[PDB]
Amino acid sequence: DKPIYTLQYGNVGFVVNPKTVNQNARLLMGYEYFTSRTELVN
Amino acid sequence: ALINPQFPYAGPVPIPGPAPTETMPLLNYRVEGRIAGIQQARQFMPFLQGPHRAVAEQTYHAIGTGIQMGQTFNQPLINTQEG
């Protein structure tokens, strides 16, 4: 309903504060988004 | 034709085309033609121009001849009735 849209790179971030971190830990992110383009012609 | 935006149909076949040949020329034909064999005035056919009879009429010639000759026998005389 209110998509994350920064104008600035990084104004907004997704946060995870881990309790325990094993060797080779990582976050695999997945995103759904809308984005244009430069022009539209009729 | 349909054009669809944003995928538009190129506005031409452009300048990247490969001219493949200069063979474009039809060489004009120049010629002198003579058909001159002696002609003889006649042809032979089985029949030309006839309107053959499908049936003829009957046809004839004529003759007569003779004389006037005769042998005769007559009725007898009778009594006359009246008058």
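How large are Rg and Dmax for chain A when only the alpha carbon atoms are used, in Å?
Spelled out, the Cα radius of gyration and Dmax of chain A are 16.5, 56 Å.
Just the C-alpha atoms of the protein assembly as shown: what Rg/Rh do they give, with Rh taken as the Kirkwood radius?
Details: Rg = 63.4 Å, Rh = 34.5 Å.
Answer for the protein assembly as shown: 1.84.
Just grab the label-to-label distance for B:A62 and A:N22, each label 7 Å out from Cα along the Cβ direction, in nm (one decimal).
Here the modelled spin labels are 14.8 nm apart.
Write down, largest first, the equivalent ellipsoid semi-axes of segment B:1-73 in whole Å, where each equals the square root of 5 times an eigenvalue of the alpha-carbon gyration tensor.
Semi-axes from the Cα gyration tensor: 98, 31, 6 Å.
Read-outs: derived from the displayed coordinates by stated rules, not from any lab. Methodologically, a virtual Cβ is constructed for each residue, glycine included, from the backbone with ideal geometry; neighbour enumeration extends over all protein chains shown.
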